[PDB]
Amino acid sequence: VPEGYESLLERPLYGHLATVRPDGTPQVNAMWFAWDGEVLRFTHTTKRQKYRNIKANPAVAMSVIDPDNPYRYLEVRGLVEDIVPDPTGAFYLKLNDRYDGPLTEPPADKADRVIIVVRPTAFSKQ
């Protein structure tokens, strides 16, 4: 990550995750995310189009901008490298906690929850 920009990834900001649909056209959805210094993790259910997109095309990109300073932003390109079942909704609650989210209990859709793990290939800030 280029120098001075990793802090974007540490903050509880909404990332805009782009995927490619089966028809070859793009889709973009605003998302919580977690960065661990190596990979990005997202909460998803197996029911939505964005999940189906990544099962067929694992290449993704995520945009984040600093809400306090429009000069600071990042596009992260990467590949989905794992999809991990989260049937207790523990990972959803971890994100909820980082974002001071409204859930007080595991999500009702927990049986269908997964963790999408994305390993970056590029970070661009300009």
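In this text, residue numbers run from 1 along the sequence as written.
Comparing 58 to 66 with 84 to 92, which stretch shows the greater average C-alpha B-factor in the deposited entry?
Here the higher of the two C-alpha B-factor means belongs to 84 to 92.
Quick check on the record: does 24 to 32 or 47 to 55 carry the larger mean Cα temperature factor?
If you average the C-alpha B-factors of 47 to 55 and of 24 to 32, the larger mean comes out for 47 to 55.
Most elevated Cα B-factor in the entry, residues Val117, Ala108, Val114, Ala18:
Of the options given, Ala108 has the highest CA B-factor in the PDB entry.
Would you mind ranking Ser124 by its C-alpha B-factor against the rest of the chain and naming the third, lowest, middle or highest?
Its C-alpha B-factor belongs to the middle third of this chain's values.
In terms of the chain's CA B-factor thirds, is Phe42 lowest, middle or highest?
Its C-alpha B-factor, which the entry lists for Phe42, ranks in the lowest third among residues of this chain.
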